[PDB]
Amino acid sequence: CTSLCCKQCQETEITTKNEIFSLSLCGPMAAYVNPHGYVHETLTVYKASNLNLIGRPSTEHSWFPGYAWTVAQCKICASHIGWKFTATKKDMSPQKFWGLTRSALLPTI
């Protein structure tokens, strides 16, 4: 549709395509390595729906300096979808966004 959905649920809408934006210089989606070697192709969107946040934000290993991450999973299927990123300095623009992992979404990007 207009929407990107949880892959496991197939039809649980997570975001709409207008929410995609370029936070980085490489573009809206790029591959990042987590501190255990796992690669996540992470799409930055201003806004996501139907996600449960786990825990509290953290700056450790943040792929976007000045932002802290909070794990985000599907509210319907509990599948890992990505992370909410929240600014740590008042001047960051934007002050929040979401990084959604390519492998967790439909249609297949």
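All residue numbers refer to positions in the sequence shown, first residue = 1.
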property: Entry-level comparison of average CA B-factors, 29 to 37 and 53 to 61, reporting the higher stretch; result: 53 to 61
property: Comparing 18 to 26 with 95 to 103, the one whose average Cα B-factor in the PDB entry is higher; result: 18 to 26
property: Residue, from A72, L43, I76, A68, that the PDB entry assigns the highest Cα B-factor; result: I76
property: Within-chain third of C1 by Cα B-factor, per the entry; result: highest
